[PDB]
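Working notes for the structure below.
Just so you know, ligand 1 is whichever comes first in the structure, and atom 1 is the first atom listed for that ligand. Every heavy atom of this structure was used, including side-chain atoms; hydrogens, water molecules and symmetry mates were not. Order of the sequence lines sets the chain letters (A, B, ...), proteins ahead of strands, with each chain counted from 1.
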Amino acid sequence: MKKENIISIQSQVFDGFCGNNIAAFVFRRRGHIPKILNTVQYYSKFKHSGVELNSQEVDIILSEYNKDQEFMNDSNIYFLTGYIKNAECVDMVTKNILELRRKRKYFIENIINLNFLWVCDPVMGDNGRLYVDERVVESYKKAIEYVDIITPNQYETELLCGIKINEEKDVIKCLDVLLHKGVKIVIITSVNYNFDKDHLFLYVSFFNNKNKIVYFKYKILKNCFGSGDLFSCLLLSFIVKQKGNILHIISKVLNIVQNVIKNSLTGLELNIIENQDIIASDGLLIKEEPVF
Amino acid sequence: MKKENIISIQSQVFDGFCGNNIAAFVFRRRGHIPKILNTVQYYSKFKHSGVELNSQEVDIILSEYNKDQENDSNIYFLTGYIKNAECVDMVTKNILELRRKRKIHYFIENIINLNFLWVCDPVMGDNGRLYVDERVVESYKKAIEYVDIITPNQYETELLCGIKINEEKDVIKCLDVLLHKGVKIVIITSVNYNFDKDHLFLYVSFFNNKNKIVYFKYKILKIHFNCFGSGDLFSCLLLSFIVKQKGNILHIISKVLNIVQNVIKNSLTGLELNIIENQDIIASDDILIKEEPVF
Ligand SMILES: Nc1ncnc2c1ncn2[C@@H]1O[C@H](COP(=O)(O)OP(=O)(O)NP(=O)(O)O)[C@@H](O)[C@H]1O
Ligand SMILES: Nc1ncnc2c1ncn2[C@@H]1O[C@H](COP(=O)(O)OP(=O)(O)NP(=O)(O)O)[C@@H](O)[C@H]1O
Ligand SMILES: Cc1ncc(CO)c(C=O)c1O
Ligand SMILES: Cc1ncc(CO)c(C=O)c1O
Ligand SMILES: [Mg+2]
Ligand SMILES: [Mg+2]
Ligand SMILES: [Mg+2]
């Protein structure tokens, strides 16, 4: 039984739930022992007072991890990246993940390689507001080539694709550009259409075991931030442990997010702690809808 | 019922369990929602590669927190690993500002003030050696009078009091000193006597509801393992039981200790405590270690 290594490289906040405040606890609560790298430490998602890791500090932590991993070819390495605020750090994270892969080189374990995965949540913005540089945007575009699974929201997809999304045809072309860049699975977590405001759509795409590409929509009804962060870390925990069919995994993840969402209306944050037994669950639905 | 605020000011590591990697999860898994300020981000307890907040960056976080409370909520500080003396003073200054801004100053409710606690775990060293900036020892001595509950190991007790502990009478002098400097509850988490090599002793002291000092000890069979952080586990569990469970503090200390011993017993394998695998016992509310008086 190869040894599980999950490395989660994201934001941390003094007050609230986002980046690694969600992911570190969801992982641990589900039986995992994640390595944690905090890219920033902010007062809260709203007051970005605090401290950022510069690229050299990222490289010092990550290089030490590559030192322990060299010659130690007995483990499955799983990177989950989210909020990185400057493109040098994004470049440095990418180089370090890349240098690890070079040393150690619809079921999810034949779409991608469970010995080594990079799951990139490309936290750049939402709904017209942008948290990073146009430099960070081009850094992810250079990194997509090396990413196993990318989980942008709709806005972030527009940024990496250079394509505004107004109807489903734009989504398909968007899924297409990211896939031909080398990403193995695209999930666009939420796309909202002008003509259906009560609902939002999650799309997922990938080549099948016959070199043919496949699309699926998930229709969900509607906000508190951090749903995307919950979604991503929940996705890796299902993939690496349960394994099996990705489209089943996604429904199961959606089952948990919705059920936590249902309790975080009385506030502004998600109720990560009040619903921790839900977060630790099986995911028991919204069934895939194929797209052409 | 008032809003609970727990603020854990400790270290963070990339790999392994110490400081806030323990306390955040312990707190969260027990249904609290700690605020979290990582004082350092190191690769591991043994590889202090990484970044350390300076005292201005500590003051940025905590002063923003003080602004949002200048109310109707109980405030519980837990401080642990802090490498830098000026960062220790800035934590002290800010905790005191919060005390100043609200005119602040065996059932635990009658021993301490559950409106506002500073539980100071003054991490400085162990087994004869020191692991902090050396001026940090002076900075924790400045803080003693301001601290409600202080939980040093033996060596840190010796540092704060200026005397070496070789016999029980030395433990009592140390408990007497720290209590008379104004701490409400002193807990020396382990003492190793050159004459009882198979056991560890934990001591607790305080003034009871009659303004008489009492001293209790817990005799722990020394399990011979290779992992640290049980002190961090001890202190966050202590706070959690104090603010949720309340009641008899000596009971609270027996329960914490049992949980700690059980985690250690399922962590004889490796070099880190097996927090995750033993998270369920950690979540709990088998008593092998029990208090005895010392007089
Ligand atoms: N109003 C809503 N009601 C219920 N579920 C929702 C709602 N909005 C989002 N979700 C769920 O939350 C998931 C995350 O969607 P999304 O809004 O793209 O995350 P995000 O936070 O914007 N991405 P990021 O912050 O960059 O990591 C979706 O896949 C839905 O399952
Ligand atoms: N070898 C051991 N056998 C049994 N219990 C132990 C052992 N070491 C520690 N403990 C328990 O853990 C508690 C905390 O240990 P202690 O060594 O006093 O904390 P610390 O030294 O500040 N932190 P650490 O770095 O983990 O040693 C003690 O009070 C005991 O309950
Ligand atoms: C600090 C920080 N980290 C992560 C996210 C993504 O939810 C956000 C924005 O929602 C954020 O502000
Ligand atoms: C960073 C850090 N945090 C906590 C501790 C002790 O639990 C140590 C001691 O080894 C440490 O180095
Ligand atoms: Mg946690
Ligand atoms: Mg997303
Ligand atoms: Mg301690």
For this session: Measure from atom 9 (C) of ligand 4 to the protein's non-hydrogen atoms and state whether any distance is below 4.0 Å.
Result: no

Problem set entry | Metal site angle (apex the Mg ion (ligand 6)), OG1 from A/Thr189 and O from A/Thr151, 10 degrees | 120°

Quick one: does any side-chain atom of [X] pair with a main-chain N or O of [Y] as donor and acceptor, under 3.5 Å?
X: A/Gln10; Y: A/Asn38; result: no
X: B/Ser267; Y: B/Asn274; result: yes
X: A/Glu138; Y: A/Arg135; result: no

For this session: Check each atom of ligand 4 against the heavy atoms of B/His48 and keep those under 4.0 Å away; list them by number with element.
Result: 1 (C), 12 (O)

For this session: Validate the cation-pi geometry between B/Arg29 and A/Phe25: distance from NZ or CZ to the six-membered ring centre under 6.0 Å, angle to the ring axis within 45°.
Result: no

Exercise. In the protein, what heavy atom is nearest to atom 11 (C) of ligand 4, and what distance, to one decimal place, separates them?
Worked result: B/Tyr81 CD1, 4.0 Å

For this session: For atom 7 (O) of ligand 4, find the nearest protein heavy atom and state the residue, atom name and distance (0.1 Å precision).
Result: B/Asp232 OD2, 2.6 Å

Problem set entry | More than 12 heavy atoms of other groups within 6.0 Å of B/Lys141 NZ | yes

For this session: Using a cut-off of 6.0 Å, state whether more than 12 heavy atoms not belonging to B/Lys222 lie near its atom NZ.
Result: yes

For this session: Pull out every atom of ligand 3 sitting under 4.0 Å from any heavy atom of A/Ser11, numbered as shown with elements.
Result: 1 (C), 2 (C), 3 (N), 4 (C)

Problem set entry | Pick from A/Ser227, A/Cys18, A/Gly19: the one approaching atom 1 (C) of ligand 3 most closely through a non-hydrogen atom | A/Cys18

